[PDB]
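Residue numbers (the deposited numbering), protein chains in the order written: chain E, 17 to 64, 85 to 261, 406 to 477, 494 to 721; chain F, 17 to 64, 85 to 297, 304 to 477, 494 to 721; chain G, 17 to 64, 85 to 279, 385 to 477, 494 to 721.
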């Protein structure tokens, strides 16, 4: 692999790379916007040490006293149904509602697992509200305390709009202490100075500053009730959130999308075996006679769009065949796919059309007695196709039908017989070929793939020329070689191959200095 | 790839390299010349340790005093419309105008995000000015304070030319402290030494030294008041006053609760008066401290009573506004004023007690300011020289990687050597002519015409021992110069006294008829489709000497017209009247017409384009011709350009010398 | 590459190498002898610490007191127009004049263009002088102060010659402190020890020692003042506390504090006062010259290496013979309108052409006819020099030689031999001249020549006329050898047309200018047109040691005569 191969592969998969990278960046931006901003407050404390002050500041004594003072065991969360509701609600601009609760006793359900009782409060106005723990509806009022259903609850100053729901949890005191301890940090900036820097993170900037001030003053009061701790700086909140770090999140999104795109591209590059250029077949010693491009398009393409790029390639194939087919036993050309859906009847029918327009009589036999659909494609008197002639119940003149937008006669397969391979072994097939080799200038035979069924091997003994049809990416070089060796093993010589369905690729161009797709050539008018 | 290869590539792509490098250095130069200069000031403080003092100097407590005295919450920015207007105005010598604001209080929106209210002040003269917060136009005069629409402002000593605009922000005290702290630095410099090296950076050299002087003197006066605080009565005074103020606050809170158990203008004037009361109380305490540690005739004390008189006038106006509003909201406003002023005084006295307690128990005695703050007039940023150097180096690296990519990603033919390696005979390398008449006729002394004459002499030797005198010339891709080559070759072989017929068998995009002047009726199409004879389709080129057959009208079936026996009849007839027939044919990788025609031509030549075709393309064309029974004699490389990379990779550039007597 | 190759390359390029190194060294000596010498003074301070005293010495307080004492805000520079006038004036022995200014007050415009005001003082005699700020001339005298135009100046002791100019700048005190601090350096020789080394650099050896003594004395006075301030504060408190045993005790304490206050000498000791080192510390001339020499050598070697690796021209006949191109001669450079073979028959290039003639006699037998077409690869390859001199050397041997100049585009053999320029080869080809009107006699020659004639508009198509072949067939029986001169084949096609009629064809390759691939391309382009080039003549060979060490031979040839 070289630089040109790498860049060509990247250019080919530029849609996949761009899509995957943009999906990753979209997810990163969606996270950075919808992630709740977590703020930071800090306070400065002077010690006259600082090793035991840290362990006493984070003790459950100070922290629990702070929680008791500020009633931090009453958790209130405005209710948004998804994991994205809070973020987008902040993004639009709706101010998040808060209700001040000072006295809360839930019935202490204290079941096997859920140690934290929780209710949902629904705001009905600025004045009254409703409560539902487990569907039990209660109606309450700001001011007047509520003592009903094992519920004691005191709301002051509801600040929200009606319809808002709030999950209100009475979490245990140690859970609250652990929650405070998780976001509270004590450090010493100088490592030798008496100063301690207290830090608290949280989503509500005012609440965390109040909490850190309370921590500072609880520590101060504990010391005084003596070695003079003094509060240098009270807690103030940085208004810029410290998390989420939007820029690094987006950058990691972009970089990770690039890495995933690149690794998928290399997996696809090293895991594809199909044909990529005619050079791959010509290395094996196989003569490629045309590389037919993809046509973006029941009429024949060589008729509904004679100026199409694929029809031009097929004309090139016709001129190759006029030279390859001389010094052949007869005017019979057997076209065989390598695999099903190799685009082989497309090629044979359009080749019949382009050879017919040159003033030659062409007969298109559809000897795919298993899945042949030429009759469907050309319109049809479906009775008396090839099977009926082979099984003895038709004459040669009764099975030939003329294509309207054609110029070539054709013979349909007929009814799908139960024994397609054994009808073709009848001498009537060779009699039909010998008869048609006098009334027609060219006979093109449609055959099933040789790696599926043996029918093509039987038919190809009576064919002067035999051409395989490969699909551009679907068929492998080894499939073509296996097909030609299986033809040889049965006494049939494949003259060469027709690569079909070629698409424009930069990897081809850089790997093999030609892409093999072909130029468009007309004066635009 | 060797040294000569790389040198040749650099020489060839010198234009791209120079342009990219010059663009990068231009960007670096304009950045270094337009970025705002950042000056640095430094002081030297002597300490009688010093790590607690380094951490206490950078505390919000010490810095907040500097924001309070120097009004650092009033941000004034001279308004330049672009991101570069300030720098280019500095370059043109326009002195940055400045205005002095001693009192600014905005309507204090406090929305979700914009915590910093902003207004725009336009200068009209040396005396009056205009203001527009949110489109509301106001007219103010320096001196006389302005109280309008919940906006209090006092602008003094305006020193800008008329028409100058300024963005005035009242950024919050904590934001002011953060901005100050981000640019402030304190270092002991010895670890034992009492020597503290304070530094401060900023874009105004006169202002940062005032800030650093304020910081140094704040810390100095703090440590001095530490010595006199031990015996001072202020401690006991605060210890007695704080319970009284707390009791008054509790009484006010109880009264507010009893009365409770939202007019826009009422709340706005309440906020105005609360702010005025905070400023007045803080100014009273600052006046006391200054009168203790400074003199009355000191300029600071003069600023103090001037600001006090200003605040008193503002409070009087606010009280007059209150007296005009109905008593129903007046009662609520008075209760709110009492509660908020009690809270403010309680907080201020708590801060006073905190500062006094911190001052008292400081082990450090005499502190002395050795070097007052002085600003280095050479900006510390931008570092112009390194900026321009990085610009040059970055431009060079970018140019080198672009050139390396374009060298490793190119596949087009670089010399006839590439073709002749594959066993393809090149018969001429036609150069690019900088120049509707034929080049071989308009400029018979051209360089490309000389190459084409060489091609003529090479063809006379190639075309001997051929089947006939028919020469088919086919491109490899469109726009390979195939018709240029064939037409000028007909022009050169014509002047040698030979009868040349130029058939244009490109029935798809043939334009030789337009290029030679057209009796376009009865072209090759009409003859092929049977509606014309040979004698009526041959025309004569005026500046030529060779006859030509045009394509005619574009048929719907060019490849099927060309297979007619009429084409071979025409060629067999013309091969007896003419010494040479040259046929213009479409490319073989586009259509198959050339493959059909080449069966009737005794010699066939492909025209490759210099950089636009690949060697693999030429080989694919020759093999596609061979597969149809046409044998391509060789190739004509076309459009060659002079390249040093050819001269170092191969020994020859294949471009060709110019040879005439210069006159 | 090997040792022999690089040695030969340096030997060949010795002129470039020596010239580049010489230019670099002249730059080095010019810089070393014109850069202003910088002297360094040193003083020794001992502390009985050492970390804060270093920062105190370099503080704006001590330095500012020094500048106020010595008036360092007045900067005086002798005026020389170039960046080299001062250096050359020092070289010529001109003692630098100085003026002593004790009081200066400039108008202090302090505008954006000029922050520090400046005037120019022109010395007219030992006493009087003139001043111009921005063109306004004012006359002053030593002694009598000048107070005019918002300018006050007191100049004392002018020591200079008349016509000397001095740029006098008034520096802001902070700028003077910045300048002083830049050159002043405090160090601790022990890194812990109380010993402090003070150094100061500058272009005036006496001034820097005065400044460093001022700094040291200000620092010492400040240090002893600190001990005296505490002692005087204690004494002042005792005196203010004076109201009988306590009275006598306080009197004794007052006397003790007086004696301790006056005994100032304390923490700082000035061991060495500043003295200037007479040898300037900068510019370090010898190392500068060494760097200049080495840099010139490196630059020369790099340029030589680039020229060696980027040259593609022919360097020996063996390069051509590697492909299989027969080289029949290598013609050296002749150091030299008459022919070389006639003006200087004993030249080295003419001897090489004689060797070529004897080689050609063998090469040209079994050829179709006696026609020899000589073509170049490039113009200016020496085609006509070789052709004409070869014709001369073959004509002195008593053979009929016809020299045809078939270069119809830039042929100048007629201008070389002297010309009856009418009826050249073009005129014969154009149909308007006979064969016999175009042949002319070379005067100092011995061979006939046919000039090209008037430059035709179609040189390549005239040569295609059968008249040309008729002329060759006719001349092939009236002459023993026809030498035809053509344009180069990589320029035009005329040589390929003419080579159809020549029995022998030879390419002339210029020694350094042409490339081996160029000669191969030329021969293959000849073959493609049915013309077989017998071989090559390398021309313009020069003597090179790189060839002698790379190849076993230089291919330039010996001179061979008996010197008398």
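Every residue gets a Cβ at the ideal spot worked out from N, C-alpha and C, and that includes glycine.
Please confirm whether residue i and residue j have their CB atoms less than 8 Å apart.
i: residue 598 of chain E; j: residue 590 of chain E; result: no
i: residue 621 of chain F; j: residue 41 of chain E; result: no
i: residue 160 of chain F; j: residue 132 of chain F; result: no
i: residue 565 of chain G; j: residue 663 of chain G; result: no
i: residue 544 of chain G; j: residue 642 of chain G; result: yes
i: residue 212 of chain E; j: residue 109 of chain E; result: yes
i: residue 432 of chain E; j: residue 44 of chain E; result: yes
i: residue 689 of chain G; j: residue 637 of chain G; result: no
In whole angstroms, what is the alpha-carbon distance linking residue i and residue j?
i: residue 571 of chain F; j: residue 608 of chain F; result: 5 Å
i: residue 561 of chain E; j: residue 619 of chain E; result: 15 Å
i: residue 296 of chain F; j: residue 176 of chain E; result: 20 Å
i: residue 707 of chain E; j: residue 672 of chain E; result: 18 Å
i: residue 508 of chain E; j: residue 549 of chain E; result: 12 Å
i: residue 447 of chain G; j: residue 713 of chain F; result: 25 Å
i: residue 366 of chain F; j: residue 155 of chain F; result: 28 Å
i: residue 151 of chain E; j: residue 437 of chain E; result: 42 Å
i: residue 465 of chain E; j: residue 459 of chain E; result: 10 Å
i: residue 19 of chain G; j: residue 704 of chain G; result: 13 Å
i: residue 250 of chain E; j: residue 385 of chain F; result: 17 Å
i: residue 569 of chain G; j: residue 659 of chain G; result: 21 Å
i: residue 470 of chain G; j: residue 532 of chain G; result: 15 Å
Name the DSSP bridge partner or partners of residue i?
i: residue 233 of chain G; result: G:60 and G:223
i: residue 532 of chain F; result: F:643 and F:664
i: residue 184 of chain G; result: G:187
i: residue 17 of chain E; result: None, per the DSSP bridge assignment.
i: residue 202 of chain E; result: E:114 and E:157
i: residue 560 of chain G; result: G:606 and G:640
i: residue 346 of chain F; result: Note: residue 346 of chain F sits in no beta bridge, so no partner.
Does the segment 640-655 of chain F come close enough to the segment 672-680 of chain F that 3 or more CB-CB pairs lie under 8 Å?
yes
Counting pairs of Cβ atoms below 8 Å between the segment 224-241 of chain E and the segment 164-175 of chain E, do you hit three or more?
no
Run through the segment 599-646 of chain G for me and flag every whole beta strand (DSSP E) of 3 or more residues, listed as ranges in chain order.
605-607 and 638-642
Taking contact to mean at least 3 C-beta pairs separated by less than 8 Å, is the segment 132-148 of chain E in contact with the segment 200-209 of chain E?
yes
Ranges of the alpha helix (DSSP H) found wholly within the segment 106-191 of chain E, counting only runs of at least 4
121-128
Inspect the CB distances between the segment 416-426 of chain G and the segment 48-60 of chain G and report whether three or more fall short of 8 Å.
yes
Give, in chain order, every unbroken run of the alpha helix (DSSP H) that is at least 4 residues long and sits entirely within the segment 363-430 of chain F.
369-402
Check whether the segment 258-274 of chain G touches the segment 110-128 of chain G, counting contact only when three or more Cβ pairs, one atom from each stretch, lie closer than 8 Å.
no
Count the CB pairs spanning the segment 209-223 of chain F and the segment 184-199 of chain F that are closer than 8 Å, and state whether there are at least three.
no
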